[PDB]
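K.L.:
Quick one: this structure, given as C-alpha cells, is what I'll be asking you about.
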Amino acid sequence: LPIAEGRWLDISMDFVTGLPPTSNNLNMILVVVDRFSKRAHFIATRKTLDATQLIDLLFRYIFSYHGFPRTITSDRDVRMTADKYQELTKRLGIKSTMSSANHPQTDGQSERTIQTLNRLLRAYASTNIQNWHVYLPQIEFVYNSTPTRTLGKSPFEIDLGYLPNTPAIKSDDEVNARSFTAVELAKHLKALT
DNA sequence: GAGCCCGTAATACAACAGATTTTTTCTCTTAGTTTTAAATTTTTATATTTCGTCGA
C-alpha cells in the first residue's frame, strides 16, 4: 500500500479475540498502528462495550486526540462495516478502505504488530486471570521504545524525536536528546521523515 | 587460490490471519449397590497335629 504520509495520515487497525476475561473484557485488542512512525497503540476494550455506536468512537477519539488521521485500512468486521461508521468517517474526511472478505493481509502491519504484541503479552501474562490490565500500557511503552528492523530507529523516537526518560544516548550525536526549543523542530523532524 | 578471526550486516522464513465446544469411543479413579458366603453353639463317632504335661 502507499508508502507514508505526514505522521500517520495513513493508519491501520484490526481486531483479534480469544483473550481471557478479567472484567468481562474478552476483546481487549483494538490495536491502532501509526503506519508512518509505527507507533502502534493498542487500548483495552471488550465486545460488549460498543458496536461503533456509543463508546467505541470515544476512545477512538482519545486515541485520535493526538492527531486525526486521513486514511484508515481495516477489515470487513461488523464493527466497521456499519452505516454509522462509514458516514461519520466520510464526514471526518477519512477513508475506510476495508478488506476483501477474509483477506487480513490488507491490515498486515497491524496484524504484524499483533504478532509482536502476542509474544510480549505472553511474556507479561503470568497473572493471566487475576490482575493484568496494567500490562497493556507497559507493553505499549516497551514495544514503542524498542528499535525495529526495517527502519533502524525505535518507533517512539521516529515521531516524537527524542527517546523516553533515562537517556541512553547512542554514539551518533546529542540529537536524540532534542528536548529543547521548538522553533527548529520542523527542519530536523522533516529530515527524520 | 586457501584458510582464519571478527565485526557488521544482509537474509529467507515464519507468525498475525475469529475462537471455541462437540463427536465417538475408550481407559483409570472412586463412590454406591447386590448376592452370598461367612463369624460363635450341639454333636456324634471316627484320626492326625500340635501343644501341654508328667515320669524315671
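Residues are referred to by chain and number: the chain letter is A, B, ... according to the order shown in the C-alpha cells, the number counts from 1 in that chain, and ligands are numbered separately from 1 in the order shown.
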Quick one: contact table of region 53-163 of chain A to region 13-33 of chain B, 9 Å max, nearest atom pair and distance in Å to one decimal per residue, counting only C-alpha atoms (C1' of nucleotides), chain and number order, as CSV?

P.N.:
```
residue,atom,partner,partner_atom,distance
A:102,CA,B:17,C1',8.4
A:103,CA,B:17,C1',7.8
A:104,CA,B:17,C1',5.9
A:105,CA,B:17,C1',7.4
A:108,CA,B:16,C1',7.6
A:109,CA,B:16,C1',8.9
A:110,CA,B:16,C1',8.3
A:111,CA,B:16,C1',4.5
A:112,CA,B:16,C1',5.3
A:113,CA,B:16,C1',7.8
A:114,CA,B:16,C1',6.1
A:115,CA,B:16,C1',5.0
A:116,CA,B:16,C1',8.6
```

K.L.:
Write out the residues from the selection above, keeping N, CA, C and O atoms, as a CSV table (one decimal), in the first residue's frame.

P.N.:
```csv
chain,number,residue,atom,x,y,z
A,102,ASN,N,-12.4,-11.8,4.3
A,102,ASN,CA,-11.4,-12.7,4.9
A,102,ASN,C,-10.0,-12.7,4.2
A,102,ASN,O,-9.4,-13.7,3.9
A,103,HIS,N,-9.6,-11.4,4.0
A,103,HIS,CA,-8.2,-11.2,3.5
A,103,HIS,C,-7.6,-10.2,4.4
A,103,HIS,O,-7.5,-9.0,4.2
A,104,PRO,N,-7.0,-10.7,5.6
A,104,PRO,CA,-6.5,-9.8,6.6
A,104,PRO,C,-5.1,-9.2,6.2
A,104,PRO,O,-4.6,-8.4,6.9
A,105,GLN,N,-4.5,-9.6,5.1
A,105,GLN,CA,-3.2,-9.1,4.7
A,105,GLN,C,-3.3,-7.6,4.3
A,105,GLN,O,-2.2,-7.0,4.2
A,108,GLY,N,-1.9,-5.8,7.2
A,108,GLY,CA,-0.8,-6.6,7.5
A,108,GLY,C,0.1,-6.0,8.6
A,108,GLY,O,0.6,-6.7,9.5
A,109,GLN,N,0.3,-4.7,8.7
A,109,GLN,CA,1.2,-4.1,9.6
A,109,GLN,C,0.6,-4.1,11.0
A,109,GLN,O,1.3,-4.2,12.0
A,110,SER,N,-0.7,-3.9,11.1
A,110,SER,CA,-1.4,-4.0,12.4
A,110,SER,C,-1.4,-5.5,12.9
A,110,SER,O,-1.1,-5.7,14.1
A,111,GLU,N,-1.6,-6.4,12.0
A,111,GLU,CA,-1.5,-7.8,12.4
A,111,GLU,C,-0.1,-8.2,12.7
A,111,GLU,O,0.1,-9.1,13.6
A,112,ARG,N,0.9,-7.7,12.0
A,112,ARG,CA,2.3,-7.9,12.4
A,112,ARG,C,2.6,-7.3,13.8
A,112,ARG,O,3.4,-7.9,14.5
A,113,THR,N,2.0,-6.2,14.1
A,113,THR,CA,2.1,-5.6,15.4
A,113,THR,C,1.5,-6.5,16.5
A,113,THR,O,2.1,-6.7,17.5
A,114,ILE,N,0.4,-7.1,16.1
A,114,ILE,CA,-0.3,-8.1,17.0
A,114,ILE,C,0.6,-9.3,17.2
A,114,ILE,O,0.8,-9.8,18.3
A,115,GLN,N,1.3,-9.8,16.2
A,115,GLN,CA,2.2,-10.9,16.3
A,115,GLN,C,3.4,-10.5,17.2
A,115,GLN,O,3.8,-11.3,18.0
A,116,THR,N,3.9,-9.3,17.1
A,116,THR,CA,4.9,-8.8,18.1
A,116,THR,C,4.2,-8.6,19.5
A,116,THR,O,4.8,-8.9,20.5
```

K.L.:
Would you mind listing what lies within 12 Å of region 126-140 of chain A as a PDB file with C-alpha atoms, in the first residue's frame, with only C-alpha atoms (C1' of nucleotides) counted and same-chain residues fewer than 4 positions away left out?

P.N.:
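See part_15.pdb below for the written result:
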```
ATOM      1  CA  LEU A  19      -8.319 -13.217  25.191  1.00  0.00           C
ATOM      2  CA  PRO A  20      -9.224 -14.443  28.705  1.00  0.00           C
ATOM      3  CA  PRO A  21     -11.687 -12.305  30.686  1.00  0.00           C
ATOM      4  CA  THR A  22     -10.682 -10.065  33.570  1.00  0.00           C
ATOM      5  CA  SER A  23     -13.636  -7.645  33.852  1.00  0.00           C
ATOM      6  CA  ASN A  24     -15.739  -9.192  31.059  1.00  0.00           C
ATOM      7  CA  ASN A  25     -13.181  -7.783  28.626  1.00  0.00           C
ATOM      8  CA  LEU A  26     -12.775 -10.568  26.071  1.00  0.00           C
ATOM      9  CA  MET A  28      -9.132  -6.008  24.677  1.00  0.00           C
ATOM     10  CA  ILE A  29      -7.218  -5.698  21.379  1.00  0.00           C
ATOM     11  CA  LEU A  30      -8.094  -2.541  19.475  1.00  0.00           C
ATOM     12  CA  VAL A  31      -4.627  -2.006  18.036  1.00  0.00           C
ATOM     13  CA  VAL A  32      -4.078   1.188  16.037  1.00  0.00           C
ATOM     14  CA  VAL A  33      -0.747   1.400  14.229  1.00  0.00           C
ATOM     15  CA  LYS A  38       4.709   2.623  13.535  1.00  0.00           C
ATOM     16  CA  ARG A  39       3.841   3.988  16.988  1.00  0.00           C
ATOM     17  CA  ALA A  40       1.288   1.150  17.223  1.00  0.00           C
ATOM     18  CA  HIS A  41      -1.113   1.995  20.021  1.00  0.00           C
ATOM     19  CA  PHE A  42      -3.485  -0.591  21.481  1.00  0.00           C
ATOM     20  CA  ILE A  43      -6.114   0.072  24.145  1.00  0.00           C
ATOM     21  CA  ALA A  44      -8.078  -2.339  26.336  1.00  0.00           C
ATOM     22  CA  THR A  45     -11.733  -2.849  25.399  1.00  0.00           C
ATOM     23  CA  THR A 113       2.147  -5.624  15.424  1.00  0.00           C
ATOM     24  CA  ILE A 114      -0.296  -8.111  16.993  1.00  0.00           C
ATOM     25  CA  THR A 116       4.851  -8.822  18.092  1.00  0.00           C
ATOM     26  CA  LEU A 117       2.238  -7.946  20.740  1.00  0.00           C
ATOM     27  CA  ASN A 118       1.257 -11.578  21.384  1.00  0.00           C
ATOM     28  CA  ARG A 119       4.800 -12.614  22.335  1.00  0.00           C
ATOM     29  CA  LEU A 120       5.104  -9.673  24.729  1.00  0.00           C
ATOM     30  CA  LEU A 121       1.605 -10.433  26.036  1.00  0.00           C
ATOM     31  CA  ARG A 122       2.699 -13.986  26.876  1.00  0.00           C
ATOM     32  CA  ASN A 144       7.487   1.591  21.214  1.00  0.00           C
ATOM     33  CA  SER A 145      10.915   2.181  22.771  1.00  0.00           C
ATOM     34  CA  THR A 146      12.417  -0.968  21.219  1.00  0.00           C
ATOM     35  CA  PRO A 155       9.139   3.898  16.585  1.00  0.00           C
ATOM     36  CA  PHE A 156       8.973   6.086  19.699  1.00  0.00           C
TER      37      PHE A 156
END
```

K.L.:
Please identify which residues in region 98-180 of chain A DSSP calls alpha helix (DSSP H) from the backbone, and express them as number ranges by chain.

P.N.:
A: 108-124, 135-145, 155-160

K.L.:
Please return as a list in words: the residues of chain A that backbone DSSP assigns to strand (DSSP E).

P.N.:
residues 10, 11, 12, 13, 14, 15, 30, 31, 32, 33, 41, 42, 43, 71, 72 and 73 of chain A

K.L.:
Would you kindly return, as a ChimeraX atom specification, each protein, DNA or RNA residue with an atom no farther than 12 Å from any atom of residue 89 (chain A), considering only C-alpha atoms (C1' of nucleotides) and excluding same-chain residues fewer than 3 positions away?

P.N.:
/A:52,57,60-61,68-72,80-86,92-97

K.L.:
Near residue 174 (chain A), within 12 Å and counting only C-alpha atoms (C1' of nucleotides), which residues show up once chain neighbours fewer than 5 positions away are dropped, as number ranges by chain?

P.N.:
A: 161-163, 167-169, 179-180

K.L.:
Got time to write the residues from that selection, C-alpha atoms, as a short mmCIF file (atom, residue, chain, number, x, y, z; two decimals), in the first residue's frame?

P.N.:
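The new file result-v3.cif reads:
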```
data_model
loop_
_atom_site.label_atom_id
_atom_site.label_comp_id
_atom_site.auth_asym_id
_atom_site.auth_seq_id
_atom_site.Cartn_x
_atom_site.Cartn_y
_atom_site.Cartn_z
CA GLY A 161 12.10 12.94 18.03
CA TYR A 162 13.71 12.22 21.41
CA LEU A 163 13.69 8.91 23.29
CA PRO A 167 18.74 8.75 28.48
CA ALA A 168 20.93 6.04 26.96
CA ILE A 169 22.02 8.32 24.09
CA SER A 179 14.00 18.22 24.38
CA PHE A 180 14.69 21.95 23.98
#
```

K.L.:
Measuring atom to atom with only C-alpha atoms (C1' of nucleotides), identify which of A:149, A:125, A:4, A:55 is nearest to chain B.

P.N.:
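That would be A:149, the residue with the smallest distance to chain B.
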
K.L.:
Can you measure CA of residue 100 (chain A) to CA of residue 17 (chain A) for me? One decimal in Å is fine.

P.N.:
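A separation of 19.6 Å between them.
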
K.L.:
CA of residue 150 (chain A) to CA of residue 192 (chain A): how many Å, to one decimal?

P.N.:
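Distance reported for this atom pair: 14.5 Å.
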
K.L.:
Choose the residue, out of B:9, B:49, B:36, B:2, that has the smallest atom-to-atom separation from chain A; count only C-alpha atoms (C1' of nucleotides).

P.N.:
B:9

K.L.:
For a test of reading the model, state the distance in Å between CA of residue 87 (chain A) and CA of residue 48 (chain A), rounded to one decimal.

P.N.:
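About the pair CA of residue 87 (chain A) and CA of residue 48 (chain A): they are 22.2 Å apart.
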
K.L.:
Taking only C-alpha atoms (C1' of nucleotides) into account, name the residue in B:10, B:50, B:34, B:43 that is nearest to chain A.

P.N.:
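So, comparing all the options, the nearest one is B:10.
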